[PDB]
Structure formats: structure tokens, C-alpha cells
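Just so you know, structure 1 and structure 2 below are the same protein chain in two forms, each on its own as C-alpha cells.
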Structure 1
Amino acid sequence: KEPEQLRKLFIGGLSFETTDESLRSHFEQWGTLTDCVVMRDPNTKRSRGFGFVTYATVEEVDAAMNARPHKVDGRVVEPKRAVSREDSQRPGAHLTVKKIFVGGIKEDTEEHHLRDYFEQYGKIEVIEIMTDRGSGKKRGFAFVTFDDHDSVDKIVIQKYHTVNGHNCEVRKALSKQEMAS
């Protein structure tokens, strides 16, 4: 079975009226839920306004993310792939990032190769293949910007990426100068 963390969604912006039961009744449509919880204050039992849903497979998570927007108890909620307790103790662990750096593409990789691969993760806003300003030569890397942050979340959890017969280094990019760990 797939590690549980890769089969889990953080659900933000919940109505305080949402319970474990109403959250299960909503999300049951896209797959088998192995866990469903609304986080609450330990003394007042008042909702903290977020929870988590765990599915039986990674494909069930993808089905639920493909069904966004999710309206739960009269509010459009904000589902995101759940970051582990250990990984949440990193700066910007929960930032929504829409751009990636793709390195190791050499000089023979064209925009269509990057597009045919990466578009399967989601709609692409831009593909920028980097060239040296002096020589005009390909630098062997590209930046891909997506329409939706979940496309990047799916990408960065994969151990490997192969584009046009090259094994790539893929990272989140804060800009064309700064890329994440």
C-alpha cells in the first residue's frame, strides 16, 4: 500500500459547522476514505476550521482534486495535499507555488517534449526554456509555470522525472533565481 501521507488532503477554510461526519459524507464520492477528521479546540470543542481526509489510493486523491471547487456546508473549501508533521517544520512548507525548475534537459529538449509530459499534471501557463544571453545557447534547464498549485504538488512528490530521454532534477521555484529544497 502507498504511504498514507501521499493519500491525504488537508481541507482548509471549513465552516465551523462541519463535522467529521459531514466531511466524510462529502468526500466519500471520490473514493474509499480510511480516515476523516475535523480539528477542534481541546477545551471548547469549537472547530479550528480545518481537517484532513485520507483515501485508500493516490488515484482517489487525484479524483477529489480534479472535482474542485468543493462546496462543504455552504462554503467553498480549500483542499491541498497534506504535508507530514515533520515536513511542516520547514519554512514555507505550506506556500502555494505554481512554478518549477526542470534541470538536466541538455540542448536537444524542445518545448513540445516538456509540454507533452508536464501537461499531464495540469494546465500550463508558460514553458520558458533558458538560453545564455551572450551565446544564445541552451543552458540545459527550463521553468514551467502551472495554472494550479496542485500540479506542482503532484510533481514534487515523484521520486523521478524523465523528459526526452533525460533524467531531470525538478524543484519548486520561487522565481527565475530562487528554487526550493
Structure 2
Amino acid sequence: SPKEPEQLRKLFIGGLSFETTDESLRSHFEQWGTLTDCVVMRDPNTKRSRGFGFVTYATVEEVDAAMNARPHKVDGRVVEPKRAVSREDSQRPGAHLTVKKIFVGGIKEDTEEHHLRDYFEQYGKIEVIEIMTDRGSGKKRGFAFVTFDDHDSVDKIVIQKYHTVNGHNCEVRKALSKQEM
């Protein structure tokens, strides 16, 4: 009886201690809901832990409640849980990078800070809003950077590439530095 989809309910649990089994991974994350699925990824030959796994709750509400419980110490080790990234986007560069900033392209020269603030507040607490303009000329360049205080907010946004802000169909990507491009 699961209404919400699987990917929205799934969490990638990276950095798992090599002592973590399916059972010890389940016995930890079950404190924040019921687990539809809980697996520790292993090598097909050695069956040794590959250092990451997946958990899937019945509700996305439980997924958010799980993320509200960071940090997570499973089997005596701090793990890094991340919202599940599609097998599509996982091939794209920087999809797995933990960032607190996003790229917003297509705002089209009439979008100000309050437009971004009023829209993106619904995903998390906003730190900075930078409307990119051409220096000296003052012309707006049609894209902006929004920085949140929590990386999980960014991860919830970029799974939906397209957003309609201020009457524009915009693209939202994870903010990559110049040295990662």
C-alpha cells in the first residue's frame, strides 16, 4: 500500500561501516518509520560490504523525519544519508556531490531576490540569494545562485530539474565550482 513512489522514499546510506548488515541497518533506521526495503550492497564474489546501502520508508514523511535525525551513527560510525538519485542523473557529473548551493538558469532579467526567496523558501532555510549581473554594465545575466543551510534541501530540489519561477521555466542544477567543470 505505498502511495508515494520508490525513489522519493529511498535513501542512499554511504560510508557504512563494513560490520553493517541488512539487519543492523534496519534495526537503526526503523526508529523513524517502517522500512519497505533495506539492503547493504556487497560484492558478488567476496560478499564483503561495499560501504553503502539503501533504505526505503513507507512514507516520505518518515524519510524527512529520518533526515531530521542527522547525524546517524550506525554500528559505531557516522554515515552520510542522501536522497536517492535516479540511475539517470547518477551518470551526470556532480549528482552525488554534497552541496548547499544550486544553479537557477532561465530567470530572464526580471526576477529579483524576493522571487527566488518566496519560491525556494518552501524547500528549506535560505542562506544567500545571488542574482548574477554583469559588472559595470549592471545588466542581469538571467541566472542566480541560491544557498541553503542544509544540503538535503538542495537534494530534494535537484531531483526535479524543472521549476516554474516568476513565470519562467527554469532549470535547477547543483552548484559546481569552476574546478569541477
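Here, a residue number simply tells you its place in the sequence of structure 1, counted from 1. So that the term is clear: the rigid core is the largest set of C-alpha atoms that superpose within 1.5 Å between two forms. Only residues modelled in both forms are compared.
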- Item | Check: residue 48, residue 101 assigned to the same rigid part between the two structures | no
- Rotation angle of the smaller rigid part relative to the larger between the two structures, in degrees: 25
- Item | Distance the CA of residue 147 travels between the two structures [rigid core superposed, Å] | 1.9
- Query: Following alignment on the rigid core, what Cα displacement (Å) is computed for residue 158 between the two structures?
  - Reply: 5.9
- Angstrom displacement of the CA atom of residue 121 between the two structures, core fixed: 3.9
- Regions of at least 3 residues displaced between the two structures by 2 angstroms or more (CA, core superposed): 100-144, 154-179
